[PDB]
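Engineer: I am attaching a structure below and will ask some questions about it afterwards.
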Amino acid sequence: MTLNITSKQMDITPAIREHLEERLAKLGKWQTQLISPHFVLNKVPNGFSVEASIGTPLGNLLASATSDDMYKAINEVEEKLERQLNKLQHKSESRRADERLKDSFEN
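Under the numbering used here, the first residue of the sequence shown carries the number 75, and numbering increases by one thereafter.
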């Protein structure tokens with residue numbers, strides 16, 4: 075799984091690329107398997123607007139932030155993505171009748 079980029083304007087470079095990639099590799103340790111990962115990176119006069127979009131067997135990941143701090147914006151996105159990630163693994167703790175932690179045959 076490789077974190078792909080789109081970047082409507084500012085092209086991708088070692089920094090971003092390595093950053094996003096590093097972030098993905100960092101999110102790899104997380105209870106998830108990035109089902110085709112992307113990163114919609116963007117900039118603007120008032121700062122930098124970033125938006126991430128990854129996939130997970132538990133739920134597609136998405137995020138977006140705007141700030142005058144590139145890596146901080148990314149810093150934020152990763153926070154969202156992570157937050158959602160934790161949300162995925164978290165989810166409802168009472169799905170009607172719960173799922174229980176039993177497994178062996180189911181029959």
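Cβ atoms here follow ideal geometry from the backbone N, Cα and C, with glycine treated the same way.
(1) Which partner residues of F179 appear in the DSSP bridge assignment?
(2) Look up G129 in the DSSP assignment and say whether it is helix, strand or coil.
(3) So, for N149: in the same chain, excluding its five sequence neighbours on each side, which residues have a beta-carbon less than 8 Å away from its beta-carbon?
(4) Do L135 and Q107 have their beta-carbon atoms positioned less than 8 Å apart in this structure?
(5) If you check the beta carbons only, do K117 and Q163 fall under 8 Å apart?
(6) Is the CB-CB distance between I79 and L94 below 8 Å?
(7) Smallest Cα separation from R97: which of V151, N160 and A171?
(8) If you draw a straight line from the C-alpha of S166 to the C-alpha of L132, how long is it?
Structural biologist: Result, derived from the coordinates:
(1) BP columns for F179 are empty, so no partner.
(2) Reduced to three states, the DSSP call for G129 is coil.
(3) For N149, the CB contacts under 8 Å within the same chain, skipping 5 residues up- and downstream, are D143 in chain order.
(4) The answer is no: Cβ separation not under 8 Å.
(5) A distance of 8 Å or more separates the beta carbons of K117 and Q163.
(6) In this structure, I79 sits near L94, with a CB-CB distance shorter than 8 Å.
(7) When the alpha-carbon of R97 is set against those of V151, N160 and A171, the nearest one is in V151.
(8) Their Cα atoms are separated by approximately 12 Å.
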